[PDB]
Amino acid sequence: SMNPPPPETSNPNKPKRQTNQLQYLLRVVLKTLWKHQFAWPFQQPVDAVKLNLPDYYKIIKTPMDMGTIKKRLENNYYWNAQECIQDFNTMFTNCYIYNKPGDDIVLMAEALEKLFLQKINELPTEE
Ligand SMILES: COc1ccc(CCc2nc3cc(-c4c(C)noc4C)ccc3n2C[C@H](C)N2CCOCC2)cc1Cl
């Protein structure tokens, strides 16, 4: 099996805006996770071909990763902060669905998710 194409990251047919919350999601939330020592396997779509995981995309139908999230933020793809928060949650949940507790990748996701929740608890005020 091939990989699927990556998630869309730019769409000129969607209106665009900058907001305090979206800026914070890029500058604080995404940055903090991106620079973390456990970021690597979450920095791009799961490459099921290279990883030899023929069932990955049989199981995970809503893939998401931080590379995609970073590009979406940079390209003003999200209008509301909750759209971006949902993408992070999808990323973590996919890891937990596909893998097993105690797997090294799950321990890494759990560490990143803890930091994510910490930073989201300090979202700035809405316009
Ligand atoms: C430039 O070369 C690379 C670039 C990216 C990757 C992907 C890394 C990766 N991407 C990964 C993605 C997952 C993953 C995730 C995330 N959710 O389910 C699974 C399975 C789990 C592990 C992942 N891993 C770690 C893999 C297996 N091994 C890489 C070689 O060193 C030992 C570790 C690999 C290589 Cl060799």
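Read-outs throughout are calculated quantities, based only on the coordinates presented, and are distinct from any laboratory measurement. Every residue, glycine among them, receives a Cβ derived from its backbone with ideal geometry; neighbour counts consider all protein chains shown.
For the chain, the relative contact order is 37 percent, taking Cα pairs closer than 8 Å that sit 6 or more residues apart in sequence and dividing their mean separation by the residue count. What is the list of residues in the range 88-124 whose amide nitrogen lies under 19 Å from a point 7 angstrom out from the Cα of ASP47, following Cα to Cβ? Output list for this probe position: 105. Taking Cβ atoms as reference points and 14 Å as the exclusive limit, the residues near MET66 contribute a net charge of +2, counting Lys and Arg as +1 and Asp and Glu as -1.
Considering only Cα atoms, the convex hull volume of the range 8-74 works out to 106 Å³ per residue. Across the chain, the convex hull enclosing all Cα atoms gives 104 Å³ per residue.
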